Amino acid sequence: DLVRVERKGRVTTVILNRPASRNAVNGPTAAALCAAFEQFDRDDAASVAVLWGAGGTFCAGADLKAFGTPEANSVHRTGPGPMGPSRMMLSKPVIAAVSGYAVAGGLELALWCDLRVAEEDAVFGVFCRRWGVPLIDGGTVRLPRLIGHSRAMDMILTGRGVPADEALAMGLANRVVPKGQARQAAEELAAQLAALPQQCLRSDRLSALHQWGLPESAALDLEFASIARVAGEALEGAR
Amino acid sequence: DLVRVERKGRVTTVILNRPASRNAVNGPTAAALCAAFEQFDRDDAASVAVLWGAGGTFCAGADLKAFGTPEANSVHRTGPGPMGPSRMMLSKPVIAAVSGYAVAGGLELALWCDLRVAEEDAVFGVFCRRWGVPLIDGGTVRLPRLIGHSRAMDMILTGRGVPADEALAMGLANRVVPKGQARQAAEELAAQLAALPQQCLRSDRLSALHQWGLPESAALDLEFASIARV
Amino acid sequence: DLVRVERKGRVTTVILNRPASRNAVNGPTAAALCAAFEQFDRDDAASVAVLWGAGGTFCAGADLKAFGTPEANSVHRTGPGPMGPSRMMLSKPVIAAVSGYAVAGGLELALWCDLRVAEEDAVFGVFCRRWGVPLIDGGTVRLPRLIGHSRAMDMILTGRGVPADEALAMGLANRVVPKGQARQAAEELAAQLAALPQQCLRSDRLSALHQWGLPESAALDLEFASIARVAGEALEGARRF
């Protein structure tokens with residue numbers, strides 16, 4: 001069907017499965033992506049998710065051929081974003097395992113992930129620039145935060161394909177692995193993260209995400225709450 | 001004569017034209033840059049601008065010799081900044097075509113631009129650090145956003161010259177081209193941008209600018225107005 | 001003594017001096033670090049500070065062995081942070097001179113400094129990730145602003161050690177120097193900073209710090225106040241051309 005979910009211990013892999021359309025995401029696919037990540041989020045046995053496109057490419061963005069059919073992307077001010085989970089701030093991390101193209105709304109999904117493991121011949125890019133479809137799944141918010149305003153404006157204005165090696169030098173890809181290996185390497189990294197003390201990891205991440213836009217004083221006070229949140233685990237740390 | 005404007009289709013090139021003062025910007029030059037950008041912003045036939053300094057150099061900053069004279073930079077809390085257009089948020093992008101030095105206020109004009117195409121030989125730097133004149137044309141605001149706080153603080157505190165290759169690795173230069181090619185490479189990049197669908201390009205650009213200083217959720221709310229506009 | 005303070009010209013060096021604990025910071029160490037920096041902030045004879053760990057390593061973070069002793073770190077929502085000066089906004093810059101490990105709370109002290117000079121074999125890392133102790137001295141705030149969110153999230157999630165050369169490529173280290181030379185190289189760079197016109201330098205720096213979080217138009221207004229703060233120096237600067 002459209003999205004598959006697989007689990008191995010505390011790692012959940014969410015798989016986009018529309019290879020005939022280069023994993024473009026239409027309305028029902030966006031809903032299945034949301035359902036999958038909502039379930040991951042409430043599942044206390046799952047610690048880390050991996051997002052992966054089956055078929056050799058990650059995600060080509062919104063399914064243009066579905067424009068004005070009943071399968072079109074949902075576009076509303078509240079509820080899920082058009083690409084599915086792009087507005088959610090999950091309680092636990094997601095690693096993107098990027099093969100082939102992560103472009104347009106597919107780039108937005110990769111940016112919504114906490115880390116990106118890219119294959120050597122992967123390409124990241126704002127390819128919706130060529131066809132006049134806007135970034136409305138957070139790309140204009142997240143890209144500049146991730147890699148700095150200058151590099152981000154370069155990608156956003158030109159729409160150019162950034163290859164994996166350049167993405168690694170920009171900090172857009174966090175790891176670059178051989179062709180075919182992103183899923184496995186993402187899943188290995190995920191399992192490593194799952195084996196660390198979880199409350200503290202989780203609270204640190206959400207502090208990193210929430211600090212953007214905040215003044216330092218407030219961001220420091222948000223962060224400080226971690227010690228009360230994880231106090232159980234931090235006790236077991238001093239030991 | 002202080003500033004020339006040349007058009008090629010939907011690309012307007014604004015040219016700083018005081019090579020004998022290393023393209024330092026005094027009060028009248030700043031006013032002329034403002035007027036040229038105001039006109040570009042209002043011009044429905046112009047899509048992308050290029051900012052380029054004639055005669056081998058981009059801009060060495062404020063014309064400090066003009067201080068105390070009627071040609072002195074105007075320094076006021078509102079209206080144009082001292083270098084000219086550095087407080088404007090344009091509806092459309094500008095590419096800086098950097099040769100030679102982009103220093104002090106000249107670095108601030110380059111940071112105000114959306115993209116920077118630099119020549120191999122070009123140097124970027126906070127050289128006003130050495131002279132004891134403050135950055136008040138957005139350098140302290142824009143540089144950390146462009147390349148991160150750590151690198152920006154190195155540049156700002158030290159005032160060191162950053163050559164084009166280092167600038168490209170920091171993300172400060174977007175493109176590096178051979179000596180004398182900055183104008184042409186910028187104009188070519190501009191024409192490529194002018195050939196894409198424009199409403200969506202301009203919308204995405206403004207959203208990337210405004211998100212800084214909104215937290216995530218509010219910034220996502222704001223970007224979602226692009227759906228309305230275009 | 002837990003912390004030593006030495007003055008060389010206009011450069012004050014604050015020295016973490018517990019090499020047998022890998023320069024872990026307990027309660028009384030943190031209090032001595034705050035006092036050293038508060039004294040710096042008000043000393044008109046000092047322009048720039050350097051923070052340096054003695055004995056081969058920068059700082060291993062909070063002193064976990066001291067939890068439940070009278071020397072435990074003070075952990076309170078207001079006032080000084082648990083590592084000591086990590087919530088202070090100083091009026092003057094501080095350069096971290098990193099040898100060996102700057103990890104956990106030690107990384108956070110290095111992040112709190114304006115610039116980092118690292119030895120070629122130094123390592124930066126969120127090592128508290130392994131022990132399950134949270135970052136509460138500003139690491140989750142400052143790391144993303146310093147190096148971007150993607151690279152910061154890598155370091156924060158994994159807890160991996162980032163060697164000096166990779167740290168230089170990420171923008172986390174600003175300078176990389178040979179083994180044994182962090183202190184001297186940081187002090188030399190500090191003396192360079194101290195030789196520049198100090199009012200513009202200090203205002204530019206604070207504008208760069210306060211702009212984070214602000215829309216550009218308000219941030220430009222804050223920056224514009226520099227000209228009133230530094231008018232005497234800027235007038236002198238103008239008159240030399």
# chains A, B, ... in the order shown; residues from 1 in each chain; ligands from 1
$ closest_atom_pairs --of "chain C" --to "chain B" --cutoff "8 Å" --atoms "only C-alpha atoms" --output "Markdown table"
| residue | atom | partner | partner_atom | distance |
| --- | --- | --- | --- | --- |
| C:114 | CA | B:153 | CA | 6.7 |
| C:115 | CA | B:154 | CA | 6.7 |
| C:145 | CA | B:149 | CA | 5.8 |
| C:146 | CA | B:149 | CA | 4.4 |
| C:147 | CA | B:148 | CA | 5.6 |
| C:148 | CA | B:148 | CA | 6.3 |
| C:171 | CA | B:151 | CA | 6.0 |
| C:172 | CA | B:150 | CA | 6.6 |
| C:174 | CA | B:154 | CA | 7.0 |
| C:192 | CA | B:158 | CA | 7.9 |
| C:193 | CA | B:158 | CA | 6.4 |
| C:196 | CA | B:130 | CA | 6.0 |
| C:197 | CA | B:132 | CA | 5.1 |
| C:198 | CA | B:132 | CA | 7.8 |
| C:199 | CA | B:132 | CA | 7.6 |
| C:200 | CA | B:134 | CA | 5.2 |
| C:201 | CA | B:157 | CA | 6.2 |
| C:203 | CA | B:134 | CA | 7.8 |
| C:204 | CA | B:140 | CA | 6.3 |
| C:205 | CA | B:157 | CA | 6.9 |
| C:207 | CA | B:140 | CA | 6.1 |
| C:208 | CA | B:140 | CA | 4.7 |
| C:211 | CA | B:141 | CA | 5.9 |
| C:212 | CA | B:213 | CA | 6.8 |
| C:213 | CA | B:213 | CA | 3.9 |
| C:214 | CA | B:213 | CA | 4.2 |
| C:215 | CA | B:213 | CA | 4.8 |
| C:216 | CA | B:141 | CA | 7.1 |
| C:217 | CA | B:87 | CA | 7.4 |
| C:219 | CA | B:141 | CA | 6.4 |
| C:220 | CA | B:138 | CA | 5.9 |
| C:221 | CA | B:77 | CA | 7.3 |
| C:223 | CA | B:136 | CA | 5.9 |
| C:224 | CA | B:136 | CA | 5.2 |
| C:226 | CA | B:134 | CA | 6.6 |
| C:227 | CA | B:134 | CA | 6.6 |
| C:230 | CA | B:134 | CA | 7.6 |
| C:233 | CA | B:132 | CA | 6.1 |
| C:234 | CA | B:133 | CA | 4.8 |
| C:236 | CA | B:132 | CA | 7.8 |
| C:237 | CA | B:132 | CA | 5.2 |
| C:238 | CA | B:64 | CA | 5.5 |
| C:239 | CA | B:67 | CA | 7.7 |
| C:241 | CA | B:65 | CA | 5.1 |
$ interface_residues --of "chain B" --to "chain A" --cutoff "9 Å" --atoms "only C-alpha atoms" --output "VMD selection string"
chain B and resid 93 111 114 to 116 142 144 to 148 169 to 174 189 192 to 193 196 to 217 219 to 221 223 to 227 230
$ closest_residue --among "A:184, A:98, A:104, A:93" --to "chain C" --atoms "only C-alpha atoms"
A:93
$ interface_residues --of "chain A" --to "chain C" --cutoff "8 Å" --atoms "only C-alpha atoms" --output "JSON, numbers by chain"
{"A": [114, 115, 145, 146, 147, 148, 171, 172, 174, 192, 193, 196, 197, 198, 199, 200, 201, 203, 204, 205, 207, 208, 211, 212, 213, 214, 215, 216, 219, 220, 221, 223, 224, 226, 227, 230, 233, 234, 236, 237, 238]}
$ select_by_dssp --residues "stretch 13-194 of chain A" --states "helix (DSSP H, G or I)" --output "PyMOL selection string"
chain A and resi 19-21+27-42+64-66+105-112+128-131+139-147+149-158+164-170+182-194
$ residues_around --residues "residue C:40" --least-positions-apart "4" --cutoff "8 Å" --atoms "only C-alpha atoms" --output "PyMOL selection string"
chain C and resi 12+36+46+49
$ residues_around --residues "residue A:37" --least-positions-apart "6" --cutoff "12 Å" --atoms "only C-alpha atoms" --output "list in words"
residues 3, 4, 5, 12, 13, 14, 15, 30, 31, 43, 46, 47, 48, 49, 50, 51, 80, 84, 85, 86, 87, 88, 89, 90, 91, 92, 93, 94 and 113 of chain A
$ residues_around --residues "stretch 58-62 of chain A" --least-positions-apart "4" --cutoff "10 Å" --atoms "only C-alpha atoms" --output "VMD selection string"
chain A and resid 15 to 19 21 to 27 29 to 30 51 to 54 66 to 67 72 to 73 82 to 83 96 to 110 118 122 to 128 133
$ residues_around --residues "residue C:73" --least-positions-apart "3" --cutoff "6 Å" --atoms "only C-alpha atoms" --output "list in words"
residues 26, 27 and 82 of chain C
$ write_last_selection --atoms "N, CA and C atoms" --output "PDB file, in the first residue's frame"
ATOM      1  N   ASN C  26      32.702  21.315  40.520  1.00  0.00           N
ATOM      2  CA  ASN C  26      31.753  21.180  41.618  1.00  0.00           C
ATOM      3  C   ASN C  26      31.218  22.529  42.055  1.00  0.00           C
ATOM      4  N   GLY C  27      30.413  22.532  43.098  1.00  0.00           N
ATOM      5  CA  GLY C  27      29.843  23.779  43.666  1.00  0.00           C
ATOM      6  C   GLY C  27      30.797  24.909  43.983  1.00  0.00           C
ATOM      7  N   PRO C  82      24.582  25.935  37.077  1.00  0.00           N
ATOM      8  CA  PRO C  82      25.356  24.921  37.801  1.00  0.00           C
ATOM      9  C   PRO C  82      26.887  24.903  37.499  1.00  0.00           C
TER      10      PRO C  82
END
$ select_by_dssp --residues "stretch 14-66 of chain B" --states "strand (DSSP E or B)" --output "ChimeraX atom specification"
/B:14-16,25,48-53,59,62
$ closest_residue --among "B:99, B:21, B:74, B:47" --to "residue B:163" --atoms "only C-alpha atoms"
B:99
$ closest_residue --among "B:72, B:122, B:194, B:11" --to "residue B:164" --atoms "only C-alpha atoms"
B:122
$ residues_around --residues "residue B:29" --least-positions-apart "2" --cutoff "12 Å" --atoms "only C-alpha atoms" --output "MDAnalysis selection string"
chainID B and resid 1:4 14:18 21 23:27 31:36 59 61:63 66 71:74 82:85
$ atom_distance --atom1 "atom CA of residue B:103" --atom2 "atom CA of residue B:125"
4.8 Å
$ atom_distance --atom1 "atom CA of residue A:182" --atom2 "atom CA of residue A:165"
14.2 Å
$ atom_distance --atom1 "atom CA of residue C:116" --atom2 "atom CA of residue C:173"
5.1 Å
